[PDB]
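> run09.cif (mmCIF, C-alpha atoms) pasted underneath:
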data_data
#
loop_
_atom_site.group_PDB
_atom_site.id
_atom_site.type_symbol
_atom_site.label_atom_id
_atom_site.label_comp_id
_atom_site.auth_asym_id
_atom_site.auth_seq_id
_atom_site.Cartn_x
_atom_site.Cartn_y
_atom_site.Cartn_z
ATOM 1 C CA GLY A 1 0.000 0.000 0.000
ATOM 2 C CA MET A 2 0.843 3.656 -0.057
ATOM 3 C CA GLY A 3 1.325 4.125 3.705
ATOM 4 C CA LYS A 4 -0.913 5.807 6.257
ATOM 5 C CA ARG A 5 0.434 9.369 5.744
ATOM 6 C CA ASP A 6 -0.421 9.338 1.986
ATOM 7 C CA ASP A 7 -3.654 7.524 2.564
ATOM 8 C CA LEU A 8 -4.666 10.277 5.035
ATOM 9 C CA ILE A 9 -3.740 13.226 2.786
ATOM 10 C CA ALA A 10 -5.568 11.461 -0.139
ATOM 11 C CA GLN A 11 -8.627 11.058 2.100
ATOM 12 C CA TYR A 12 -8.456 14.726 3.198
ATOM 13 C CA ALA A 13 -8.248 15.832 -0.469
ATOM 14 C CA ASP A 14 -11.215 13.578 -1.367
ATOM 15 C CA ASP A 15 -13.317 14.995 1.544
ATOM 16 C CA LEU A 16 -12.502 18.590 0.489
ATOM 17 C CA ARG A 17 -13.534 17.974 -3.137
ATOM 18 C CA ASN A 18 -16.409 15.505 -2.751
ATOM 19 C CA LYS A 19 -17.910 16.359 0.640
ATOM 20 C CA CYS A 20 -17.111 20.093 1.051
ATOM 21 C CA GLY A 21 -17.250 21.080 -2.686
ATOM 22 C CA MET A 22 -13.819 22.786 -2.763
ATOM 23 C CA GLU A 23 -10.788 22.399 -5.054
ATOM 24 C CA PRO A 24 -8.051 21.341 -2.627
ATOM 25 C CA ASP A 25 -4.823 23.414 -2.533
ATOM 26 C CA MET A 26 -2.506 20.418 -2.055
ATOM 27 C CA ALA A 27 0.517 22.522 -1.072
ATOM 28 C CA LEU A 28 -1.513 24.131 1.743
ATOM 29 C CA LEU A 29 -3.145 20.839 2.739
ATOM 30 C CA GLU A 30 0.323 19.272 3.175
ATOM 31 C CA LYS A 31 1.463 22.221 5.401
ATOM 32 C CA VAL A 32 -1.718 21.921 7.535
ATOM 33 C CA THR A 33 -1.194 18.154 7.831
ATOM 34 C CA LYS A 34 2.411 18.634 9.009
ATOM 35 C CA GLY A 35 1.112 20.952 11.746
ATOM 36 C CA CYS A 36 -1.460 18.400 12.959
ATOM 37 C CA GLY A 37 1.347 15.832 13.608
ATOM 38 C CA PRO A 38 2.780 12.503 12.292
ATOM 39 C CA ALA A 39 0.311 10.157 10.428
ATOM 40 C CA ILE A 40 -2.313 8.799 12.852
ATOM 41 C CA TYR A 41 -3.404 5.105 12.646
ATOM 42 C CA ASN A 42 -6.071 5.561 15.346
ATOM 43 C CA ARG A 43 -9.031 7.186 13.480
ATOM 44 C CA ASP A 44 -10.592 8.442 16.775
ATOM 45 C CA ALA A 45 -7.578 10.732 17.418
ATOM 46 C CA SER A 46 -7.586 12.363 13.925
ATOM 47 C CA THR A 47 -11.246 13.551 13.981
ATOM 48 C CA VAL A 48 -13.152 16.482 15.519
ATOM 49 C CA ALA A 49 -16.441 16.031 17.425
ATOM 50 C CA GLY A 50 -18.490 18.758 15.674
ATOM 51 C CA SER A 51 -21.262 18.643 18.312
ATOM 52 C CA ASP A 52 -18.927 19.093 21.355
ATOM 53 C CA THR A 53 -18.891 22.693 22.700
ATOM 54 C CA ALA A 54 -15.545 22.378 24.549
ATOM 55 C CA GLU A 55 -13.802 20.930 21.495
ATOM 56 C CA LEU A 56 -14.958 23.884 19.390
ATOM 57 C CA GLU A 57 -13.844 26.304 22.171
ATOM 58 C CA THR A 58 -10.414 24.582 22.042
ATOM 59 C CA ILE A 59 -10.161 25.038 18.238
ATOM 60 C CA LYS A 60 -11.045 28.703 18.791
ATOM 61 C CA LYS A 61 -8.478 29.292 21.555
ATOM 62 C CA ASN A 62 -5.634 26.987 20.451
ATOM 63 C CA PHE A 63 -5.882 27.055 16.644
ATOM 64 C CA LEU A 64 -7.652 30.294 15.577
ATOM 65 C CA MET A 65 -6.351 32.550 18.328
ATOM 66 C CA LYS A 66 -3.001 30.950 19.260
ATOM 67 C CA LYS A 67 -1.808 29.617 15.849
ATOM 68 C CA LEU A 68 -3.549 31.706 13.136
ATOM 69 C CA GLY A 69 -3.297 34.808 15.359
ATOM 70 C CA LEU A 70 -6.953 35.869 15.123
ATOM 71 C CA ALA A 71 -8.578 38.082 17.717
ATOM 72 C CA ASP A 72 -11.466 37.040 20.014
ATOM 73 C CA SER A 73 -14.798 37.866 18.360
ATOM 74 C CA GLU A 74 -18.253 36.370 17.283
ATOM 75 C CA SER A 75 -16.602 35.766 13.787
ATOM 76 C CA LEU A 76 -14.412 32.926 15.245
ATOM 77 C CA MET A 77 -17.150 30.606 16.457
ATOM 78 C CA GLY A 78 -19.198 31.753 13.424
ATOM 79 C CA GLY A 79 -16.379 30.519 11.184
ATOM 80 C CA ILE A 80 -16.080 27.241 13.135
ATOM 81 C CA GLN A 81 -19.871 26.701 12.876
ATOM 82 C CA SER A 82 -19.718 27.474 9.116
ATOM 83 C CA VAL A 83 -16.949 24.980 8.323
ATOM 84 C CA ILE A 84 -18.560 22.250 10.486
ATOM 85 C CA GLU A 85 -21.866 22.814 8.596
ATOM 86 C CA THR A 86 -20.002 22.716 5.235
ATOM 87 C CA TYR A 87 -18.295 19.403 6.179
ATOM 88 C CA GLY A 88 -21.818 18.179 7.034
ATOM 89 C CA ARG A 89 -24.100 17.338 9.966
ATOM 90 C CA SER A 90 -24.188 13.666 8.788
ATOM 91 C CA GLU A 91 -20.356 13.320 8.721
ATOM 92 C CA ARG A 92 -19.085 11.281 11.704
ATOM 93 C CA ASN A 93 -15.399 11.415 10.590
ATOM 94 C CA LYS A 94 -14.637 15.131 10.406
ATOM 95 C CA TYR A 95 -10.832 15.083 10.057
ATOM 96 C CA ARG A 96 -9.183 17.737 12.117
ATOM 97 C CA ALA A 97 -6.676 18.536 9.208
ATOM 98 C CA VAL A 98 -9.683 19.148 6.918
ATOM 99 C CA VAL A 99 -11.321 21.430 9.524
ATOM 100 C CA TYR A 100 -8.041 23.349 10.052
ATOM 101 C CA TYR A 101 -7.549 23.673 6.280
ATOM 102 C CA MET A 102 -11.103 25.049 5.868
ATOM 103 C CA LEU A 103 -10.679 27.534 8.737
ATOM 104 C CA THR A 104 -7.316 28.738 7.322
ATOM 105 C CA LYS A 105 -9.029 29.333 3.924
ATOM 106 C CA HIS A 106 -12.122 30.902 5.532
ATOM 107 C CA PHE A 107 -10.093 33.483 7.427
ATOM 108 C CA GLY A 108 -7.541 34.124 4.603
ATOM 109 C CA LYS A 109 -4.590 32.939 6.735
ATOM 110 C CA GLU A 110 -2.844 30.652 4.197
ATOM 111 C CA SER A 111 0.396 32.690 4.314
ATOM 112 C CA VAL A 112 0.982 31.846 8.019
ATOM 113 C CA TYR A 113 1.936 28.285 6.901
ATOM 114 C CA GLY A 114 4.618 29.704 4.512
#
Could you express the structure from this file as structure tokens?

Amino acid sequence: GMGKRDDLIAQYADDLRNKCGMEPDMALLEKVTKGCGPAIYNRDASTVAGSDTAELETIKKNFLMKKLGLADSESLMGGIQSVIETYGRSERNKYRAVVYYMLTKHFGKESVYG
């Protein structure tokens, strides 16, 4: 096989195109994936619970505010809610790399990844 790291990035790209309706920027997606960590074999650890308030508050504080450098405002949770809705209410495997990629796009923060 191709190995878990490639399988994951391929899956993220497929989700972006075929679930979220977006043309994936592969160069950015790779940078976002690097930031999430080494390839994860345990599916549970690579996904975001869209319906968990604390998990969304953590994405706001640790990713949007701490990493992307965005200020505290209604637009942050609004953006999180938007990307979770885009990924889909019926999706039980919302990959955290895909969510981070979508938020980076949504807020125009691509250049922070280099």
> Mind checking which residues fall within 8 Å of region 18-27 of chain A, counting only C-alpha atoms, ignoring those fewer than 4 positions away in the same chain, and posting them as an mmCIF file with C-alpha atoms, in the frame of the given file?

data_model
loop_
_atom_site.group_PDB
_atom_site.id
_atom_site.type_symbol
_atom_site.label_atom_id
_atom_site.label_comp_id
_atom_site.auth_asym_id
_atom_site.auth_seq_id
_atom_site.Cartn_x
_atom_site.Cartn_y
_atom_site.Cartn_z
ATOM 1 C CA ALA A 13 -8.248 15.832 -0.469
ATOM 2 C CA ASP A 14 -11.215 13.578 -1.367
ATOM 3 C CA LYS A 31 1.463 22.221 5.401
ATOM 4 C CA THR A 86 -20.002 22.716 5.235
ATOM 5 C CA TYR A 87 -18.295 19.403 6.179
ATOM 6 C CA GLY A 88 -21.818 18.179 7.034
#
> For the atom pair CA of residue 91 (chain A) and CA of residue 113 (chain A), what is the interatomic distance in Å to one decimal place?
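One can read the CA of residue 91 (chain A) to CA of residue 113 (chain A) distance as 26.9 Å.
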> Which residues fall under the PyMOL selection byres ((chain A and resi 100-106) around 8) in this file, as a PDB file with C-alpha atoms, keeping the file's coordinate frame?

ATOM      1  CA  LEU A  28      -1.513  24.131   1.743  1.00  0.00           C
ATOM      2  CA  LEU A  29      -3.145  20.839   2.739  1.00  0.00           C
ATOM      3  CA  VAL A  32      -1.718  21.921   7.535  1.00  0.00           C
ATOM      4  CA  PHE A  63      -5.882  27.055  16.644  1.00  0.00           C
ATOM      5  CA  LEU A  64      -7.652  30.294  15.577  1.00  0.00           C
ATOM      6  CA  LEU A  68      -3.549  31.706  13.136  1.00  0.00           C
ATOM      7  CA  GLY A  79     -16.379  30.519  11.184  1.00  0.00           C
ATOM      8  CA  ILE A  80     -16.080  27.241  13.135  1.00  0.00           C
ATOM      9  CA  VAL A  83     -16.949  24.980   8.323  1.00  0.00           C
ATOM     10  CA  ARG A  96      -9.183  17.737  12.117  1.00  0.00           C
ATOM     11  CA  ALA A  97      -6.676  18.536   9.208  1.00  0.00           C
ATOM     12  CA  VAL A  98      -9.683  19.148   6.918  1.00  0.00           C
ATOM     13  CA  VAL A  99     -11.321  21.430   9.524  1.00  0.00           C
ATOM     14  CA  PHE A 107     -10.093  33.483   7.427  1.00  0.00           C
ATOM     15  CA  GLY A 108      -7.541  34.124   4.603  1.00  0.00           C
ATOM     16  CA  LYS A 109      -4.590  32.939   6.735  1.00  0.00           C
ATOM     17  CA  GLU A 110      -2.844  30.652   4.197  1.00  0.00           C
TER      18      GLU A 110
END
> What is the CA of residue 50 (chain A)-CA of residue 89 (chain A) distance in Å, reported with one decimal?
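Atom-to-atom, CA of residue 50 (chain A) to CA of residue 89 (chain A), that is 8.1 Å.
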> Got a sec: who's within 8 Å of residue 77 (chain A), counting all atoms listed in the file, leaving out chain neighbours fewer than 4 positions off, as a list in words?
residues 56, 57, 60, 73 and 81 of chain A
> By how many Å are CA of residue 90 (chain A) and CA of residue 51 (chain A) apart?
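Spanning CA of residue 90 (chain A) to CA of residue 51 (chain A) is a straight-line distance of 11.1 Å.
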> Using only C-alpha atoms, which of the listed residues (A:1, A:15, A:69, A:93) sits closest to residue 48 (chain A)?
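Checking each candidate against residue 48 (chain A), we get A:93 as the closest.
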> For residue 92 (chain A), which residue out of A:46, A:53, A:75, A:111 is the nearest one, using all atoms listed in the file?
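Ranking A:46, A:53, A:75, A:111 by distance to residue 92 (chain A), first place goes to A:46.
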> Please write the residues picked by the PyMOL selection byres ((chain A and resi 6-10) around 8) on this file as an NGL selection string.
:A and (2-5 or 11-14 or 29-30 or 33 or 39)
